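Colleague: mmCIF, C-alpha atoms, file run-v5.cif:
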data_protein
loop_
_atom_site.label_atom_id
_atom_site.label_comp_id
_atom_site.auth_asym_id
_atom_site.auth_seq_id
_atom_site.Cartn_x
_atom_site.Cartn_y
_atom_site.Cartn_z
CA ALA J 599 -19.57 28.27 12.65
CA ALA J 600 -16.62 30.38 14.00
CA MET J 601 -14.52 30.29 17.26
CA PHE J 602 -12.03 32.94 18.61
CA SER J 603 -9.27 32.74 21.32
CA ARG J 604 -6.57 35.38 22.27
CA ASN J 605 -8.10 37.72 19.57
CA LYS J 606 -7.15 35.10 16.86
CA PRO J 607 -9.21 32.44 14.96
CA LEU J 608 -9.33 28.96 16.68
CA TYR J 609 -9.67 26.27 13.91
CA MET J 610 -10.98 22.67 14.44
CA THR J 611 -8.48 19.95 13.25
CA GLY J 612 -8.38 16.10 12.99
CA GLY J 613 -10.87 13.57 11.50
CA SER J 614 -14.64 13.91 10.73
CA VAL J 615 -16.80 13.10 13.85
CA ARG J 616 -19.71 10.66 13.04
CA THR J 617 -22.98 9.80 14.93
CA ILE J 618 -21.85 6.50 16.62
CA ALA J 619 -24.81 4.03 16.93
CA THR J 620 -24.96 0.65 18.81
CA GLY J 621 -25.58 -1.14 15.43
CA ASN J 622 -22.41 0.21 13.65
CA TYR J 623 -20.00 -1.92 15.85
CA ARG J 624 -22.19 -5.07 16.37
CA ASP J 625 -22.67 -5.45 12.53
CA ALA J 626 -18.84 -6.07 12.47
CA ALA J 627 -19.52 -8.59 15.34
CA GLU J 628 -22.29 -10.10 13.08
CA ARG J 629 -19.59 -10.06 10.29
CA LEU J 630 -16.97 -11.42 12.84
CA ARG J 631 -14.51 -11.18 9.88
CA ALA J 632 -15.91 -14.64 8.87
CA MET J 633 -13.13 -14.92 6.17
CA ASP J 634 -11.59 -18.29 7.33
CA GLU J 635 -8.07 -17.28 8.57
CA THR J 636 -6.29 -19.44 5.89
CA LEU J 637 -3.27 -17.95 3.97
CA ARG J 638 -4.48 -18.48 0.33
CA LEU J 639 -1.65 -17.22 -1.99
CA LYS J 640 -2.84 -16.53 -5.62
CA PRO J 641 -0.34 -16.70 -8.55
CA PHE J 642 0.72 -14.21 -11.34
CA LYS J 643 1.40 -15.47 -14.94
CA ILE J 644 4.38 -13.58 -16.55
CA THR J 645 3.58 -12.04 -20.03
CA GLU J 646 6.32 -11.40 -22.70
CA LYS J 647 6.20 -8.30 -25.03
CA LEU J 648 8.41 -6.55 -27.70
CA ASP J 649 11.42 -5.55 -25.45
CA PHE J 650 11.81 -8.92 -23.51
CA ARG J 651 14.62 -7.25 -21.36
CA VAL J 652 11.98 -6.04 -18.76
CA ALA J 653 9.30 -8.42 -17.29
CA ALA J 654 5.50 -7.71 -16.95
CA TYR J 655 3.14 -9.67 -14.58
CA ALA J 656 -0.66 -10.07 -15.26
CA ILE J 657 -3.41 -10.84 -12.64
CA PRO J 658 -4.86 -14.11 -14.15
CA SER K 300 5.78 42.87 -10.30
CA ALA K 301 3.20 43.85 -7.55
CA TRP K 302 2.29 40.09 -7.14
CA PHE K 303 5.86 39.10 -6.00
CA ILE K 304 6.78 41.91 -3.46
CA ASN K 305 5.22 40.44 -0.23
CA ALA K 306 6.48 36.90 0.71
CA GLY K 307 3.73 34.24 0.20
CA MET K 308 3.30 31.69 3.08
CA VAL K 309 3.72 27.89 2.34
CA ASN K 310 1.50 25.87 4.80
CA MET K 311 3.59 22.73 5.67
CA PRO K 312 1.58 20.15 7.74
CA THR K 313 2.95 18.94 11.17
CA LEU K 314 5.05 15.69 10.91
CA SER K 315 3.41 12.82 12.93
CA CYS K 316 3.36 8.99 12.30
CA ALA K 317 2.72 5.87 14.51
CA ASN K 318 3.62 2.96 12.11
CA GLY K 319 6.98 2.19 13.88
CA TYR K 320 5.29 1.64 17.32
CA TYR K 321 2.26 -0.43 16.07
CA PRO K 322 3.30 -2.29 12.85
CA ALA K 323 0.19 -4.60 13.24
CA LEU K 324 -2.13 -1.76 11.93
CA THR K 325 -0.20 -1.68 8.54
CA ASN K 326 -0.65 -5.15 6.86
CA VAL K 327 -1.01 -6.68 3.30
CA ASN K 328 -4.69 -5.52 2.73
CA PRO K 329 -4.60 -1.66 2.85
CA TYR K 330 -7.67 0.70 2.74
CA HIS K 331 -7.80 3.15 -0.27
CA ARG K 332 -10.71 5.39 -1.52
CA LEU K 333 -9.61 5.57 -5.23
CA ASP K 334 -8.23 2.50 -7.16
CA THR K 335 -5.73 4.85 -9.01
CA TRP K 336 -3.95 5.67 -5.66
CA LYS K 337 -0.36 4.57 -6.72
CA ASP K 338 -0.29 6.39 -10.15
CA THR K 339 1.48 9.66 -9.00
CA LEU K 340 4.54 7.82 -7.47
CA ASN K 341 4.76 5.34 -10.45
CA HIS K 342 4.78 8.45 -12.78
CA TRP K 343 7.55 10.36 -10.81
CA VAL K 344 9.90 7.30 -10.29
CA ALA K 345 9.74 6.63 -14.12
CA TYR K 346 9.94 10.30 -15.39
CA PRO K 347 11.35 12.69 -12.69
CA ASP K 348 11.98 15.71 -15.06
CA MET K 349 8.24 15.73 -16.19
CA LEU I 350 13.42 -33.32 3.34
CA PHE I 351 16.63 -32.92 1.16
CA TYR I 352 14.50 -33.29 -2.07
CA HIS I 353 11.70 -31.00 -0.67
CA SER I 354 14.40 -28.36 0.26
CA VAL I 355 16.09 -28.17 -3.23
CA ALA I 356 12.55 -28.08 -4.83
CA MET I 357 11.66 -24.93 -2.75
CA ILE I 358 14.96 -22.91 -3.21
CA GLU I 359 15.03 -23.77 -7.00
CA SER I 360 11.37 -22.48 -7.27
CA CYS I 361 12.19 -19.20 -5.36
CA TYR I 362 15.62 -18.22 -6.90
CA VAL I 363 14.24 -18.91 -10.47
CA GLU I 364 11.25 -16.50 -9.88
CA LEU I 365 13.45 -13.81 -8.13
CA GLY I 366 15.54 -13.98 -11.38
CA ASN I 367 12.62 -12.74 -13.60
CA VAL I 368 11.15 -10.46 -10.80
CA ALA I 369 14.44 -8.39 -10.66
CA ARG I 370 13.94 -7.55 -14.44
CA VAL I 371 10.69 -5.44 -14.04
CA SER I 372 10.56 -1.57 -13.85
CA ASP I 373 9.27 0.03 -10.57
CA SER I 374 6.60 1.99 -12.59
CA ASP I 375 4.15 -1.01 -12.82
CA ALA I 376 1.18 -2.58 -10.89
CA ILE I 377 2.90 -5.87 -9.72
CA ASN I 378 6.58 -4.82 -9.16
CA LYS I 379 9.66 -5.53 -6.88
CA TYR I 380 8.05 -3.92 -3.74
CA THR I 381 4.31 -4.86 -4.10
CA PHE I 382 4.18 -8.52 -5.45
CA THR I 383 3.46 -10.09 -1.95
CA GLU I 384 0.51 -7.80 -0.90
CA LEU I 385 -1.81 -8.50 -3.94
CA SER I 386 -1.15 -12.34 -3.84
CA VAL I 387 -1.77 -12.79 -0.03
CA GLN I 388 -5.55 -13.12 0.80
CA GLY I 389 -5.24 -13.59 4.62
CA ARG I 390 -4.26 -11.55 7.76
CA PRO I 391 -0.57 -12.20 8.66
CA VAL I 392 1.23 -9.94 11.26
CA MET I 393 4.01 -8.97 8.72
CA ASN I 394 4.71 -10.11 5.08
CA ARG I 395 8.04 -11.93 5.88
CA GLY I 396 9.51 -15.46 6.37
CA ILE I 397 7.37 -18.27 4.77
CA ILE I 398 4.68 -15.95 3.17
CA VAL I 399 7.26 -14.41 0.69
#
Would you kindly transcribe this structure into structure tokens?
Modeller:
Amino acid sequence: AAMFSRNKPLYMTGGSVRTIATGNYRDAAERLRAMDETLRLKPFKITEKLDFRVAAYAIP
Amino acid sequence: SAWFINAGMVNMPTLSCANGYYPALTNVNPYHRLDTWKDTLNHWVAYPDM
Amino acid sequence: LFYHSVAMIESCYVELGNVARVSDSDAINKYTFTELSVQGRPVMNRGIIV
């Protein structure tokens, strides 16, 4: 596919166009974002290593 | 020396951003394709001369 | 409330002590310790969330 304007190439820019279906939006309505809107803050256990001057946090 | 006679063109993208207007769109749970998406900055900030 | 207040500020200022002593080149660092912990949808990571 090629397009020309003013004897110069006209290039298509922006995002990738998809084939929007009725189901693609109403599955997110079926989902509703059913994650109970409750601010659950999870902790980080500090872990000490050779230097000790600098700190390092782990996930569990 | 034939490579470096004619000036090569550097394609700089147009500067646009709409985070300042709508700060609701940027929150604590961001979308990323790769899980190693913060490695390049973490590398530069540690070792700039690399 | 006096006892609940001192309990909260003592908990915060102790942890900000050993958060200030981590290098930026790391997973959970100075800038990105709030985002990974929070599992909700607040407007902006400020105030009581931090």
Colleague: Enter the distance from atom CA of residue I:394 to atom CA of residue J:637, in Å, rounded to one decimal.
Modeller: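 Computing the Euclidean distance for atom CA of residue I:394 and atom CA of residue J:637 yields 11.2 Å.
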Colleague: Using the chain letters and numbers from the file, which residues does the PyMOL selection byres ((chain K) within 12 of (chain J)) grab, as a list in words?
Modeller: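 Output from the PyMOL selection byres ((chain K) within 12 of (chain J)), applied to this file: residues 312, 313 and 327 of chain K.
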Colleague: List the spatial neighbours of residue I:368 as a short mmCIF file (atom, residue, chain, number, x, y, z; two decimals) with C-alpha atoms, keeping the file's coordinate frame - criterion: any atom at most 12 Å away, all atoms listed in the file, same-chain residues fewer than 2 positions off excluded.
Modeller:
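The result, written out as part37.cif:
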data_model
loop_
_atom_site.label_atom_id
_atom_site.label_comp_id
_atom_site.auth_asym_id
_atom_site.auth_seq_id
_atom_site.Cartn_x
_atom_site.Cartn_y
_atom_site.Cartn_z
CA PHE J 642 0.72 -14.21 -11.34
CA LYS J 643 1.40 -15.47 -14.94
CA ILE J 644 4.38 -13.58 -16.55
CA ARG J 651 14.62 -7.25 -21.36
CA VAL J 652 11.98 -6.04 -18.76
CA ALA J 653 9.30 -8.42 -17.29
CA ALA J 654 5.50 -7.71 -16.95
CA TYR J 655 3.14 -9.67 -14.58
CA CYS I 361 12.19 -19.20 -5.36
CA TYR I 362 15.62 -18.22 -6.90
CA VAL I 363 14.24 -18.91 -10.47
CA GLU I 364 11.25 -16.50 -9.88
CA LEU I 365 13.45 -13.81 -8.13
CA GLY I 366 15.54 -13.98 -11.38
CA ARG I 370 13.94 -7.55 -14.44
CA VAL I 371 10.69 -5.44 -14.04
CA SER I 372 10.56 -1.57 -13.85
CA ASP I 373 9.27 0.03 -10.57
CA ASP I 375 4.15 -1.01 -12.82
CA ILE I 377 2.90 -5.87 -9.72
CA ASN I 378 6.58 -4.82 -9.16
CA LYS I 379 9.66 -5.53 -6.88
CA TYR I 380 8.05 -3.92 -3.74
CA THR I 381 4.31 -4.86 -4.10
CA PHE I 382 4.18 -8.52 -5.45
CA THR I 383 3.46 -10.09 -1.95
#
Colleague: Using the chain letters and numbering of this document, enumerate as a list in words the residues selected by the PyMOL selection byres ((chain K) within 7 of (chain I)).
Modeller: residues 323, 326, 327, 328, 341, 342, 344 and 345 of chain K
Colleague: Work out how far atom CA of residue I:353 is from atom CA of residue I:367, in Å to one decimal.
Modeller: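 Atom-to-atom, atom CA of residue I:367 to atom CA of residue I:353, that is 22.4 Å.
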Colleague: What are the centre and the three edge lengths of an axis-aligned box that wraps all atoms of stretch 369-388 of chain I in the file, given that 6 Å is added to every side, written as AutoDock Vina command-line options and rounded to one decimal in Å?
Modeller:
--center_x 4.4 --center_y -5.6 --center_z -6.8 --size_x 32.0 --size_y 27.1 --size_z 27.2
Colleague: Closest to chain I among J:657, J:648, J:626, J:639, using only C-alpha atoms?
Modeller: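 Closest to chain I of all the choices is J:639.
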Colleague: Determine, counting all atoms listed in the file, which protein, DNA and RNA residues have an atom within 12 Å of an atom of residue K:316; residues of the same chain fewer than 5 positions away are not included. Present the result as a VMD selection string.
Modeller: chain K and resid 321 to 322 325
Colleague: N, CA and C atoms are needed for stretch 309-336 of chain K; please write them out as an mmCIF file, keeping the file's coordinate frame.
Modeller:
data_model
loop_
_atom_site.group_PDB
_atom_site.id
_atom_site.type_symbol
_atom_site.label_atom_id
_atom_site.label_comp_id
_atom_site.auth_asym_id
_atom_site.auth_seq_id
_atom_site.Cartn_x
_atom_site.Cartn_y
_atom_site.Cartn_z
ATOM 1 N N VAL K 309 3.879 29.328 2.726
ATOM 2 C CA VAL K 309 3.720 27.890 2.340
ATOM 3 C C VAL K 309 3.311 27.110 3.597
ATOM 4 N N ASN K 310 2.071 26.610 3.639
ATOM 5 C CA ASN K 310 1.500 25.870 4.800
ATOM 6 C C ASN K 310 1.977 24.416 4.748
ATOM 7 N N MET K 311 3.019 24.093 5.525
ATOM 8 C CA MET K 311 3.590 22.730 5.670
ATOM 9 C C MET K 311 2.904 22.027 6.836
ATOM 10 N N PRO K 312 2.195 20.889 6.632
ATOM 11 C CA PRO K 312 1.580 20.150 7.740
ATOM 12 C C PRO K 312 2.589 19.638 8.784
ATOM 13 N N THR K 313 2.140 19.466 10.033
ATOM 14 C CA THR K 313 2.950 18.940 11.170
ATOM 15 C C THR K 313 3.297 17.471 10.898
ATOM 16 N N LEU K 314 4.545 17.070 11.160
ATOM 17 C CA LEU K 314 5.050 15.690 10.910
ATOM 18 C C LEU K 314 4.719 14.808 12.120
ATOM 19 N N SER K 315 3.817 13.839 11.928
ATOM 20 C CA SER K 315 3.410 12.820 12.930
ATOM 21 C C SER K 315 3.132 11.488 12.222
ATOM 22 N N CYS K 316 3.534 10.371 12.835
ATOM 23 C CA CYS K 316 3.360 8.990 12.300
ATOM 24 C C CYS K 316 3.571 7.968 13.427
ATOM 25 N N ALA K 317 2.723 6.933 13.476
ATOM 26 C CA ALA K 317 2.720 5.870 14.510
ATOM 27 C C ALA K 317 2.650 4.485 13.855
ATOM 28 N N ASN K 318 3.462 4.264 12.814
ATOM 29 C CA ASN K 318 3.620 2.960 12.110
ATOM 30 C C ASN K 318 4.731 2.144 12.786
ATOM 31 N N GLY K 319 5.814 2.807 13.211
ATOM 32 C CA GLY K 319 6.980 2.190 13.880
ATOM 33 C C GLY K 319 6.612 1.516 15.192
ATOM 34 N N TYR K 320 5.735 2.139 15.990
ATOM 35 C CA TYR K 320 5.290 1.640 17.320
ATOM 36 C C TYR K 320 4.360 0.439 17.146
ATOM 37 N N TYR K 321 3.320 0.587 16.316
ATOM 38 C CA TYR K 321 2.260 -0.430 16.070
ATOM 39 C C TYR K 321 2.313 -0.865 14.605
ATOM 40 N N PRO K 322 3.236 -1.784 14.226
ATOM 41 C CA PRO K 322 3.300 -2.290 12.850
ATOM 42 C C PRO K 322 2.187 -3.289 12.480
ATOM 43 N N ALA K 323 1.352 -3.701 13.443
ATOM 44 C CA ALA K 323 0.190 -4.600 13.240
ATOM 45 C C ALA K 323 -0.907 -3.895 12.420
ATOM 46 N N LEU K 324 -1.069 -2.576 12.590
ATOM 47 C CA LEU K 324 -2.130 -1.760 11.930
ATOM 48 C C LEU K 324 -1.888 -1.692 10.410
ATOM 49 N N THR K 325 -0.623 -1.625 9.973
ATOM 50 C CA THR K 325 -0.200 -1.680 8.540
ATOM 51 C C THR K 325 0.078 -3.139 8.161
ATOM 52 N N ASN K 326 -0.773 -3.736 7.316
ATOM 53 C CA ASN K 326 -0.650 -5.150 6.860
ATOM 54 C C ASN K 326 -0.774 -5.199 5.322
ATOM 55 N N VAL K 327 -1.079 -6.375 4.761
ATOM 56 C CA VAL K 327 -1.010 -6.680 3.300
ATOM 57 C C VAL K 327 -2.284 -6.217 2.572
ATOM 58 N N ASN K 328 -3.372 -5.930 3.298
ATOM 59 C CA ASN K 328 -4.690 -5.520 2.730
ATOM 60 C C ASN K 328 -4.986 -4.083 3.148
ATOM 61 N N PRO K 329 -4.414 -3.062 2.459
ATOM 62 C CA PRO K 329 -4.600 -1.660 2.850
ATOM 63 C C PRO K 329 -5.938 -1.084 2.370
ATOM 64 N N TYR K 330 -6.434 -0.063 3.072
ATOM 65 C CA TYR K 330 -7.670 0.700 2.740
ATOM 66 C C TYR K 330 -7.289 1.890 1.848
ATOM 67 N N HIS K 331 -7.937 2.013 0.684
ATOM 68 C CA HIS K 331 -7.800 3.150 -0.270
ATOM 69 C C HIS K 331 -9.186 3.532 -0.806
ATOM 70 N N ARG K 332 -9.418 4.828 -1.033
ATOM 71 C CA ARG K 332 -10.710 5.390 -1.520
ATOM 72 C C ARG K 332 -10.786 5.239 -3.040
ATOM 73 N N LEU K 333 -9.761 5.718 -3.754
ATOM 74 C CA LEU K 333 -9.610 5.570 -5.230
ATOM 75 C C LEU K 333 -8.741 4.342 -5.530
ATOM 76 N N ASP K 334 -8.978 3.699 -6.677
ATOM 77 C CA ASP K 334 -8.230 2.500 -7.160
ATOM 78 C C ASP K 334 -6.959 2.945 -7.898
ATOM 79 N N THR K 335 -6.886 4.218 -8.311
ATOM 80 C CA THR K 335 -5.730 4.850 -9.010
ATOM 81 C C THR K 335 -4.903 5.644 -7.989
ATOM 82 N N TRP K 336 -4.543 5.011 -6.865
ATOM 83 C CA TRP K 336 -3.950 5.670 -5.660
ATOM 84 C C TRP K 336 -2.420 5.504 -5.632
#
